[PDB]
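Scroll down for the structure; my scribbles are underneath it.
Nothing in this text is a laboratory measurement; each read-out follows from the coordinates by a stated rule. Neighbour counts are summed over all protein chains in view; Cβ atoms, including those assigned to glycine, are modelled from backbone coordinates with ideal geometry.
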Amino acid sequence: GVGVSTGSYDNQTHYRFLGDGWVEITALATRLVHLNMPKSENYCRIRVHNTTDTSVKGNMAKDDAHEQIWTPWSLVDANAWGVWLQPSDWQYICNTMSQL
Amino acid sequence: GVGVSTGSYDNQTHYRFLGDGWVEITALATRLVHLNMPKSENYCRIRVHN
Amino acid sequence: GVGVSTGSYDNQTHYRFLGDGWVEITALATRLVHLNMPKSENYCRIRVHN
Amino acid sequence: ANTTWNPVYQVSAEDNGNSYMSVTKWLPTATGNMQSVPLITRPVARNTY
């Protein structure tokens, strides 16, 4: 039942030369996540309207006026180039590959 | 043995158009229940008369 | 020869559920037209300049 | 099916206001409070003869 792992850790990057100038680059990334019990038990419709800047005549761009809907759910969005490849790898790609 | 889930959560509603004007509507609903140890150890025949 | 209709009147709209969320909507429309003998016997190149 | 010429009554959600069909009625609050009010059942018209 419980008491045994259910996966494997691997955060590397393999390069498979498919020849003809094309190369298949597979980027594996594994990380440890930390989630805490959300404070908002239910969906909230908080309305944020900063006036410390909007009220001023000079300040116009500092308009953070909006009304979002805070949900009790987190999100695992790893849409970042640095969260996939390795610092050294990117150097090789940009210096060699001409498109990706 | 113990230490693993035994189900799945799904509280949606799907619409399957069976054509001819009729549509099969399937409504799925999942919720978390909270039960406490009943105070009455046995069956009681309480008589309420306001 | 002449003295008998050559068509049928129907100005309704039928909905055929093709399922999968898509529905084929057929719109039929029939009307009576009234045409009068054009005044301009031939093509005219009228120039309007208010 | 639409067997009439004049549009039949429907159930819409008017903007946030005194209107009963207000959206805020079914929308969360700054804290997260919510409420479920009754809905208009049988909105479409039916001829009984």
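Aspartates and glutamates near D:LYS25 by alpha-carbon distance under 17 Å, same-chain residues fewer than 8 away left out - which ones? Straight-distance partners of D:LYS25: A:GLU67, D:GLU14, D:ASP15. Counting only Cα atoms, chain C measures 56, 44, 15 Å along its principal axes, largest extent leading. A simple charge model with +1 on the Cβ of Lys and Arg, -1 on the Cβ of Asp and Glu and nothing else charged puts the dipole of chain A at about 320 debye relative to its Cα centre. Backbone phi angles across region A:42-59, fed through the Karplus curve with coefficients 6.51, -1.76 and 1.60 (θ = phi - 60°), yield HN-Hα couplings of 9, 4, 10, 10, 4, 10, 9, 9, 5, 10, 5, 10, 4, 5, 4, 6, x, 6 Hz in residue order; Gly and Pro are listed as x.
If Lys and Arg each add +1 and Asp and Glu each add -1, what is the summed charge of the other residues whose beta carbon sits under 14 Å from the beta carbon of D:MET34? Here the charged neighbours net out to +1. For a test of the definition: using alpha carbon positions, the gyration tensor, and the 1.5 limit on a/c, classify chain D as rounded, prolate or oblate. Judged from the Cα gyration tensor, chain D comes out prolate (a/c at least 1.5, a/b above b/c). Placing +1 on the Cβ of every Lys and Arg and -1 on the Cβ of every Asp and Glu, with nothing else charged, gives the protein assembly as shown a dipole about its Cα centre of roughly 1040 debye. Taken about its Cα centre, chain C carries a charge dipole of about 440 debye when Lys and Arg each add +1 at the Cβ and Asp and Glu each add -1 at the Cβ.
Dipole orientation for the protein assembly as shown: of the candidates B:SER5, A:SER55, D:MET34, D:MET34 has the Cα lying most toward the positive pole (charges on Cβ; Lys, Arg +1; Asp, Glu -1). Measuring nothing but how far apart in sequence close Cα pairs (under 8 Å, 6+ apart) lie, relative to its length, chain A scores a relative contact order of 25 percent. Between the alpha-carbon centers of region B:3-46 and region A:56-98, tell me the distance in whole angstrom. Cα centres, region B:3-46 to region A:56-98: 39 Å. Each residue of region B:36-50 was assigned a 3J(HN,Hα) from its phi angle through the Karplus expression (A = 6.51, B = -1.76, C = 1.60, θ = phi - 60°), giving 10, 4, x, 6, 6, 4, 9, 4, 10, 10, 4, 10, 9, 9, 5 Hz with x at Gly and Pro.
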